[PDB]
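Examination of the molecular architecture
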Amino acid sequence: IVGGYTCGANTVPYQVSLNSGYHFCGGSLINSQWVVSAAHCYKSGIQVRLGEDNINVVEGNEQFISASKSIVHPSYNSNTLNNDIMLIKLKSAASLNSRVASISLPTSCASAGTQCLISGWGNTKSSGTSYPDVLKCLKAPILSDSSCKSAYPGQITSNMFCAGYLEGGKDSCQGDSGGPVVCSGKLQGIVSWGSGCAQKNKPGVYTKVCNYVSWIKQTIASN
Ligand SMILES: N=C(N)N1CCCCC1
Ligand SMILES: [Ca+2]
């Protein structure tokens, strides 16, 4: 996250870190046994880390649970990033409390102008590299589809939305991928792609979760 603030320990209780020896992507806990992330974060050998603040120090609220299966969306396209969404089942259920909690799925799609919270452990610089260790947060609005399509001609599908600031300076960045965009207490987006980080006229692009609720619910019910 570029241009954000330190969230505070366990203030984003649905945020997870995906670990394969190191943090590589975020995700969101949607019930006691399932996480949603980005398809472009897929790899074998995932440990899900819940209850994290500092990802390099054991602070006492963590739960570390390995994945039993991963399900990439059936129509994910790695060239265009259309349908950039993946479900991860935990080998055992997490123990839910005030510091480790699920986030609700939306029952309607959020409108442009809605303010949302984006979080992650990704790079904090638009030029160069500095990875922060504690969780960072950013408040940002959803942008109109017309603004989004004008920023990225020929690239925005109905399964994507833009959020952030056209003036630049505040955005998600590398290592935030897969993490949550929460608006009015519901998971509306997944950190997906963008050109660089925090550049003028290049806002972040997010997977539009409200289009996937039926697939999520059906998949969980059957796996
Ligand atoms: N929001 C931006 N700029 N991103 C998404 C996360 C990876 C880098 C590009
Ligand atoms: Ca920790």
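Note on numbering: positions run from 1 along each chain as its sequence is written and may not match the entry's numbering; residues without coordinates are not listed. All chains are assigned letters beginning at A, and all ligands numbers beginning at 1, according to the order in which they are written. By convention in this description, side-chain values take in all heavy atoms of the structure and omit both hydrogens and water. Residues with missing side-chain atoms are left out of burial classes, side-chain pairs and their counts.

Structure determination for this PDB entry was carried out by X-ray crystallography, with a resolution of 1.010 Å recorded in the header.

**Some remarks on the site of ligand 1**
Formally: The criterion for a residue being near a molecule or strand is simple. One of its heavy atoms has to lie within 4 Å of it. Each polar contact in these results corresponds to two N or O atoms within 3.5 Å; when the atoms are within protein, one needs to be able to donate a hydrogen and the other to accept it, and residues that are neighboring in sequence are counted only if both atoms are side-chain atoms. Note on areas: these come from Shrake-Rupley sampling with a 1.4 Å probe, and a residue is covered only by the protein chains present in the view.
Around ligand 1 sit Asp171, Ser172, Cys173, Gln174, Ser177, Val191, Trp193, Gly194, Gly196, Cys197 and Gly204, and that is every residue in its neighbourhood. With respect to ligand 1, the side chain of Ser172 contributes an N or O atom lying 3.0 Å from a nitrogen atom. Relative to its free-state accessible area of 270 Å², ligand 1 is covered by the protein chains to the extent of 92%.

**So, the sheet that holds strand β4 (residues 34–37)**
Threshold: Following DSSP output, two strands are said to pair if at least two bridges run between them. Each helix is a run of DSSP H or I of at least 4 residues and each strand a run of E of at least 2, with the numbering of both proceeding from the N terminus. Fitted lines through C-alpha atoms serve as axes, helices being fitted only where they are in contact, and the angles separating the N-to-C directions of these axes extend from 0 to 180 degrees.
Strand order around the closed barrel formed by six strands is β2-β3-β4-β7-β6-β5, with antiparallel pairing between neighbours. Averaged over all adjacent pairs, the angle separating strand axes in this sheet is 40°, with direction ignored. Where strand β6 (residues 63–72) lies against strand β7 (residues 86–90), five bridges are found, and the strand directions are antiparallel. In the strand pairing of β7, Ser70 is matched with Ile88.

**Observations regarding unusual backbone geometry**
Of note in this structure, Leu81 is not a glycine but carries a positive phi near 65°. Tracing the sequence through the fold places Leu81 in the loop between β6 and β7. Even without being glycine, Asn201 reaches a positive phi, approximately 65°.

**Considerations on the UniProt feature "disulfide bond" in the protein**
We count it as follows: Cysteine sulfur atoms that pair up within 2.5 Å are treated as a disulfide. UniProt positions are given in the numbering used here, feature names are shortened, and annotations may be inferred rather than shown by experiment. Working definition: with a 1.4 Å probe on protein chains only, accessible area under 20% of the residue-type maximum means buried, over 50% means exposed, and in between means partly exposed.
Of the UniProt disulfides, the one joining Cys7 and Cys137 is satisfied here, as the sulfur distance of 2.0 Å falls under 2.5 Å. Separated by 130 residues along the polypeptide, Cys7 in the loop between β1 (5–6) and β2 (15–19) and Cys137 in strand β9 (residues 136–141) bring together distant segments of the chain. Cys7 sits in the buried class, given a relative accessible area of 13%. The sulfur-sulfur separation between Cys148 and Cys162, a disulfide according to UniProt, is 2.0 Å, below the 2.5 Å limit, so the bridge is formed here. Of this pair, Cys148 sits in helix α1 (residues 145–151) while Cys162 sits in strand β10 (residues 160–163), placing them 14 residues apart in sequence. Comparing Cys148 with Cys162 shows no difference in burial state: the two are buried.

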